[PDB]
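**Q** My questions will all concern the structure given below.
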Amino acid sequence: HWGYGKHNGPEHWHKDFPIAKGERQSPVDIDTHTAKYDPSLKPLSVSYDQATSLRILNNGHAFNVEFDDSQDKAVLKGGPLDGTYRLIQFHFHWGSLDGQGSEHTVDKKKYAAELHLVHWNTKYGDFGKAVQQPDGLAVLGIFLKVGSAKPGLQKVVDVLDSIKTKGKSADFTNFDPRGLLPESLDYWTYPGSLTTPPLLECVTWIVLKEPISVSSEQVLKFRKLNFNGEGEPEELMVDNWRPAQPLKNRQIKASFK
Ligand SMILES: COc1cccc(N2CCc3cc(S(N)(=O)=O)sc3S2(=O)=O)c1
Ligand SMILES: [Hg+2]
Ligand SMILES: [Zn+2]
């Protein structure tokens with residue numbers, strides 16, 4: 001199956017998922033100088049006050065916190081979006097070293113990790129239908145830089161022991177995702193795809209300008225996860241990120257100057 005190793009990594013994906021060579025693939029490098037400031041861009045509206053977290057799980061690719069998306073409990077509106085998008089889950093991509101880990105880069109600069117809050121367009125009924133549409137998903141990308149500890153991230157860090165290997169999960173209720181947002185909601189936006197197979201081109205990427213900082217020990221705990229299931233040879237979960245793809249016939253718009 002696909003993964004991030006030499007034999008099943010990104011450079012092999014196209015064989016099983018041809019869309020990997022598509023026209024709007026992610027991530028991409030955000031070139032601040034050629035990004036077009038757009039005044040008609042509305043401010044972002046993240047309403048996560050009623051968010052209901054359910055569980056956290058290691059899926060062999062990354063760890064994911066799933067939310068109850070049965071109702072409009074945590075939605076994203078505004079920005080370049082037309083419609084309400086529901087939060088279904090969030091996950092991270094991180095590196096084996098502090099200078100790599102994020103998927104999107106800024107002027108070729110890589111961050112230690114990158115948080116993706118995944119939302120789907122409610123006008124489509126369910127996530128399954130949303131992934132069949134060019135505007136089916138909206139992923140909020142947030143960069144993580146090493147520095148001071150991020151208090152809202154510690155709850156996730158503590159529970160990682162219980163989900164060390166692929167297939168493990170644990171109840172993770174009452175988690176407030178607002179604890180992971182930076183102060184400013186300024187962003188960049190462009191049409192892209194999922195960064196892992198099936199690599200579907202249904203995503204409106206909203207990448208925040210301002211990164212959040214997390215301590216080295218917090219990201220350290222991320223690296224102690226396992227790609228493998230229990231009983232198999234241990235393989236540390238690190239560098240679960242895909243390299244930048246060519247922008248092609250696309251323009252990155254900024255909501256700020
Ligand atoms: C039909 O397509 C499906 C069905 C079920 C699951 C998925 N996903 C897994 C891959 C993947 C990669 C994401 S990233 N890094 O681009 O945010 S979000 C995401 S997903 O929605 O959780 C996709
Ligand atoms: Hg799509
Ligand atoms: Zn992701």
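By convention here, the chains of the structure tokens are called A, B, ... in the order presented, each chain's residues are numbered starting at 1, and ligands are numbered starting at 1 in the order presented.
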Neighbours of ligand 3 within 8 Å, counting only C-alpha atoms and all ligand atoms, as a PDB file with C-alpha atoms, in the first residue's frame?
**A**
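After the write, part-v9.pdb holds the following:
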```
ATOM      1  CA  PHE A  90      -7.795  17.221  11.793  1.00  0.00           C
ATOM      2  CA  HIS A  91      -4.348  15.628  11.476  1.00  0.00           C
ATOM      3  CA  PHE A  92      -0.708  16.605  11.220  1.00  0.00           C
ATOM      4  CA  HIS A  93       2.270  16.027   8.959  1.00  0.00           C
ATOM      5  CA  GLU A 114       1.491  21.386   9.454  1.00  0.00           C
ATOM      6  CA  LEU A 115      -1.990  21.026  10.868  1.00  0.00           C
ATOM      7  CA  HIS A 116      -4.857  20.314   8.513  1.00  0.00           C
ATOM      8  CA  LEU A 194      -5.544  16.072  -0.982  1.00  0.00           C
ATOM      9  CA  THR A 195      -1.862  15.610  -0.213  1.00  0.00           C
ATOM     10  CA  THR A 196      -2.196  11.834   0.246  1.00  0.00           C
ATOM     11  CA  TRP A 241       4.596  14.761   4.155  1.00  0.00           C
TER      12      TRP A 241
END
```
**Q** Go through the chains and note each residue within 10 Å of ligand 1, using only C-alpha atoms and all ligand atoms, then give the set as a ChimeraX atom specification.
**A** /A:25-27,59,61-62,64,66,88-93,103,114-120,127-132,137-141,192-203,205,240-242
**Q** Pull the alpha helix (DSSP H) assignments for range 52-224 of chain A out of DSSP run on the backbone, and list those residues as a PyMOL selection string.
**A** chain A and resi 127-130+154-159+216-222
**Q** For range 247-256 of chain A, list every protein, DNA or RNA residue within 10 Å, evaluated using only C-alpha atoms, and leave out those in the same chain fewer than 2 positions away; present the list as a PyMOL selection string.
**A** chain A and resi 22-32+34-44+79-80+185-192+205-209+244-245
**Q** Can you pull out every residue within 10 Å of residue 82 in chain A, counting only C-alpha atoms, but drop anything in the same chain fewer than 5 positions away, and send it as a VMD selection string?
**A** chain A and resid 77 121 135
**Q** Residues of range 19-203 of chain A in strand (DSSP E) according to DSSP, as JSON, numbers by chain?
**A** {"A": [29, 30, 36, 37, 44, 45, 46, 47, 53, 54, 55, 56, 57, 58, 63, 64, 65, 66, 67, 75, 76, 77, 78, 85, 86, 87, 88, 89, 90, 91, 92, 93, 94, 105, 106, 113, 114, 115, 116, 117, 118, 119, 120, 121, 137, 138, 139, 140, 141, 142, 143, 144, 145, 146, 169, 170, 171, 187, 188, 189, 190, 191, 192, 203]}
**Q** Would you mind listing what lies within 10 Å of residue 63 in chain A as a PyMOL selection string, with only C-alpha atoms counted and same-chain residues fewer than 4 positions away left out?
**A** chain A and resi 56-59+90-93+156+160+163-169+222+225-227+237
**Q** Please list as a list in words every residue within 12 Å of residue 15 in chain A, counting only C-alpha atoms and excluding residues in the same chain fewer than 6 positions away.
**A**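 The contact residues come out as residues 1, 2, 8, 9, 21, 197 and 198 of chain A.
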**Q** Could you please determine the separation between CA of residue 229 in chain A and CA of residue 162 in chain A in Å, to one decimal place?
**A**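 Computing it gives 12.8 Å between the two atoms.
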**Q** Using only C-alpha atoms and all ligand atoms for the distances, tell me which of A:136, A:175, A:12, A:33 is nearest to ligand 2.
**A**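 Using only C-alpha atoms and all ligand atoms, ligand 2 sits closest to A:136.
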**Q** Would you list the contacts of residue 75 in chain A as a PDB file with N, CA, C and O atoms, in the first residue's frame, taking every protein, DNA or RNA residue within 6 Å and counting only C-alpha atoms, but skipping same-chain residues closer than 5 positions in sequence?
**A**
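For reference, selection11.pdb as written:
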```pdb
ATOM      1  N   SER A  47     -16.249  28.914  13.116  1.00  0.00           N
ATOM      2  CA  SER A  47     -17.133  28.777  14.266  1.00  0.00           C
ATOM      3  C   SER A  47     -16.946  27.393  14.918  1.00  0.00           C
ATOM      4  O   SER A  47     -17.648  26.441  14.584  1.00  0.00           O
ATOM      5  N   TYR A  85     -18.794  24.834   5.383  1.00  0.00           N
ATOM      6  CA  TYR A  85     -18.003  23.610   5.389  1.00  0.00           C
ATOM      7  C   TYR A  85     -17.889  23.084   6.817  1.00  0.00           C
ATOM      8  O   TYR A  85     -17.570  23.842   7.736  1.00  0.00           O
ATOM      9  N   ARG A  86     -18.183  21.802   7.005  1.00  0.00           N
ATOM     10  CA  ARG A  86     -18.111  21.171   8.328  1.00  0.00           C
ATOM     11  C   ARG A  86     -16.776  20.508   8.642  1.00  0.00           C
ATOM     12  O   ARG A  86     -16.222  19.784   7.815  1.00  0.00           O
ATOM     13  N   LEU A  87     -16.334  20.666   9.884  1.00  0.00           N
ATOM     14  CA  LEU A  87     -15.099  20.057  10.352  1.00  0.00           C
ATOM     15  C   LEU A  87     -15.378  18.569  10.581  1.00  0.00           C
ATOM     16  O   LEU A  87     -16.309  18.212  11.296  1.00  0.00           O
TER      17      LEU A  87
END
```
**Q** Kindly indicate which residue among A:145, A:151, A:83, A:133 lies nearest to ligand 2, using only C-alpha atoms and all ligand atoms for the distances.
**A**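 Of the candidates, the smallest distance to ligand 2 is held by A:133.
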**Q** Using only C-alpha atoms and all ligand atoms, which of the listed residues (A:95, A:69, A:134, A:213) sits closest to ligand 2?
**A** A:134
